2 protein chains.
Amino acid sequence: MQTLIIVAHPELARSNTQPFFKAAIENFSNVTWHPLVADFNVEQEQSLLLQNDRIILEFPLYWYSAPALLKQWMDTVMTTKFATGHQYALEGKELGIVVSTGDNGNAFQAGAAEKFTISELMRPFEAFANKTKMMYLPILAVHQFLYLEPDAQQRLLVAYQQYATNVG
Amino acid sequence: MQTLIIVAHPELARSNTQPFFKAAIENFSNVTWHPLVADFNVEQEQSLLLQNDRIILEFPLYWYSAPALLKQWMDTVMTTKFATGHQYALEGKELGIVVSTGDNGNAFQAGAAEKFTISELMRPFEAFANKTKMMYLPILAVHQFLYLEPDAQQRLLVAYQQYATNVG
């Protein structure tokens with residue numbers, strides 16, 4: 001199984017969370033780690049999607065949604081012609097989400113501070129997977145990673161490895 | 001009451017729908033029609049927010065969410081320091097959404113093609129409003145505006161005028 005990780009952090013070099021995560025998958029030759037540039041090439045992006053079986057979108061939660069960089073990728077790479085129309089290029093591929101927040105995970109539920117679960121906030125991606133006939137994975141939510149103890153951090157890193165590689 | 005309309009159509013100059021909406025509020029001097037440009041200035045945008053009581057975000061639905069330029073404005077204009085922190089600049093302001101789709105409104109519900117309502121898809125904006133202590137207005141969803149009969153177009157435009165100006 002080939003996995004493409006689309007990494008959409010508009011300040012990736014400054015991220016302190018992402019380094020632990022690249023390190024966790026560096027040794028899996030079937031995993032393509034692919035950070036976006038603002039001027040990404042559509043044809044190249046489409047080519048990579050075609051070559052992979054599990055597509056993972058990896059990003060920080062910015063005001064309860066993906067960063068503008070990922071939104072631009074969605075709006076320009078996922079054309080009607082490619083993603084739907086009479087190609088449905090993504091049909092049968094798996095879509096996963098690795099979303100990181102500074103907030104405690106317990107904030108994201110009814111009656112708690114943010115009122116809404118991560119599932120509910122990620123609905124646009126779920127809708128996308130349904131539309132494009134992809135198989136939507138449970139979301140890997142990464143909460144307060146940099147505040148966690150070493151052993152808690154390691155358990156999330158192991159979950160991430162499995163998210164990228166476990167067939168699936 | 002002063003209203004600011006953030007017009008985040010990514011190809012505004014070409015849009016066939018937006019001139020209808022601009023024309024509809026042209027006579028209300030307390031309504032500010034504010035196209036979002038690719039090179040917006042944070043300070044000027046923050047200034048406009050501070051000067052208005054009702055903030056309406058007006059955009060087409062692109063893959064079940066706002067266009068990337070609006071997300072960029074959210075990411076950059078709505079800083080921790082401004083929108084939360086010790087300032088909460090938006091506290092008490094109303095947040096409205098005028099979201100247009102090329103799909104029939106009836107696709108957006110459980111059991112239909114899109115499975116999720118517009119309310120569910122706009123959840124990140126509701127969570128933003130909650131976080132920043134804004135009052136979230138019911139969403140004005142605009143489905144297939146250009147296809148509507150002249151009389152239905154006119155009715156929707158009256159609802160739009162009320163949405164922008166009705167103090168209630």
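The rules we used
- Residues numbered from 1 in each chain as written, not as in the entry; some residues may be left out.
- Chains lettered and ligands numbered in written order.
- Heavy atoms only, no water.
- Contact = heavy atoms within 4.5 Å.
- Buried area = accessible area lost by both parts, 1.4 Å probe.
- Salt bridge = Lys/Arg side-chain N within 4 Å of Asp/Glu carboxyl O.
- Polar contact = N/O pair within 3.5 Å; in protein donor to acceptor, adjacent residues only side chain to side chain.
- Helix = DSSP H or I, 4+ residues; strand = E, 2+ residues; numbered from the N terminus.
- Least-squares fit on C-alpha atoms.
- Buried < 20%, exposed > 50% of the residue type's maximum accessible area, 1.4 Å probe, protein only.
- Expected span 1.5 Å × (residues − 1).
- Arc of directions from axis to C-beta.
- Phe/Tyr/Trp six-rings, centres within 6.5 Å; stacked < 30°, edge-to-face > 60°.
- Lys NZ or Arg CZ within 6 Å of the ring centre and 35° of its normal.

Per the PDB entry, chain A is named NADPH-quinone reductase, and its organism is Pediococcus pentosaceus ATCC 25745.

Attention now goes to the interface of chain B and chain A. Each partner contributes to the interface: chain B provides 28 residues, whereas chain A provides 27 residues. With both sides pooled, the region where chain B packs onto chain A buries about 2300 Å², and carbon together with sulfur makes up 65% of that total. Three residues, B:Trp63, B:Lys71 and B:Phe116, lead the burial of chain B against chain A; their summed loss comes to 30% of the area buried on that side. Inspection of the region where chain B meets chain A yields two salt bridges. A salt bridge links B:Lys131 to A:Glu114; its shortest N-O distance comes to 3.5 Å. In this assembly, chain B and chain A are joined by 12 residue pairs in polar contact. Listing elements by their share of the side of chain B that touches chain A, those giving two or more residues are α3 (68–77), α5 (118–121) and α6 (123–131) of chain B.

Between the two copies, chain B and chain A, the superposition gives an RMSD of 0.4 Å; the rotation angle is 179° and the shift along the axis is 0.2 Å. Viewed as a symmetry operation, the transformation between the two copies matches a two-fold axis. If distances are taken from each C-alpha of chain B to the rotation axis, the shortest is found for B:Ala68, at 2.4 Å. Taken as a fraction of all interface residues of chain B, those also at the interface in chain A reach 96%, which identifies the copy contact as same-surface.

All names here are of chain B. Residue placement: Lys81 occurs in helix α4 (residues 80–83). The class for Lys81 is exposed, based on a relative accessible area of 69%. Taking the C-alpha atoms as reference, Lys81 lies 26 Å from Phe59; in sequence the two are 22 residues apart.

In this section: unusual backbone geometry. Residues and elements named next belong to chain A. Omega for the peptide link from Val167 to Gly168 comes to -5°, which places this bond in the cis form. For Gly168, the location among the structural elements is in the segment after α7 (150–165). The residue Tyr88 is not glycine, and still its phi comes out positive at about 40°. Looking at the secondary structure, you find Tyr88 in the loop between α4 (80–83) and β4 (94–101).

Here we take up α7(A). All names here are of chain A. Compared with the 22 Å implied by 1.5 Å per residue over 16 residues, the 23 Å span of α7 between its first and last C-alpha is a close match. Among the residues of α7, those classed as buried are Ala152, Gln153, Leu156, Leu157, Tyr160, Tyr163 and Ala164. Seen along its axis, α7 keeps its buried residues to an arc of 140°; they face one direction. Looking at the buried residues of α7, the elements they touch are β1 (3–7), α1 (18–25), β2 (31–35), β3 (54–60), β4 and β6 (140–143).

All names here are of chain A. Counted according to the given criterion, the structure contains 10 salt bridges over all chains. Put simply, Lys71 and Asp75 hold a salt bridge, and the shortest N to O gap is 2.9 Å. Taken together, the residues span about one helical turn, with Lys71 and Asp75 both in helix α3 (residues 68–77) at a distance of four residues. Note on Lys71: relative accessible area 8%, which makes it buried.

Take helix α1 (residues 18–25) of chain B next. Residues and elements named next belong to chain B. For α1, the full list of buried residues reads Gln18, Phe21, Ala24 and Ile25. An end-on view of α1 places all buried positions within 125° of arc, on one side of the element. Lining the buried residues of α1 we find β1 (3–7), β2 (31–35), β3 (54–60), β4 (94–101), β6 (140–143) and α7 (150–165).

Let us look at the packing of aromatic side chains. Counting across every chain of the model gives 12 aromatic pairs over all chains. Seen from their ring centres, B:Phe21 and B:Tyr160 are 4.6 Å apart, and the 85° between their planes marks the pair as edge-to-face. Here B:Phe21 is found in helix α1, whereas its partner B:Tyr160 is found in helix α7, with 139 residues between them in sequence. The class for B:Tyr160 is buried, based on a relative accessible area of 0%. By the ring-pair criterion, three or more aromatic residues cluster together here, those being A:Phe20, A:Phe21, A:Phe145 and A:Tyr160. Lying across the ring of A:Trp33, A:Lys22 places its NZ or CZ 5.1 Å from the centre. Here the basic side chain of A:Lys133 rests over the ring of A:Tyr88, its NZ or CZ set 5.2 Å away from the ring centre.

Attention now moves to the environment of A:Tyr147. For A:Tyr147, the location among the structural elements is in the loop between β6 and α7. Taking the C-alpha atoms as reference points, A:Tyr147 and A:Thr165, 18 residues apart in sequence, are found 26 Å from one another.

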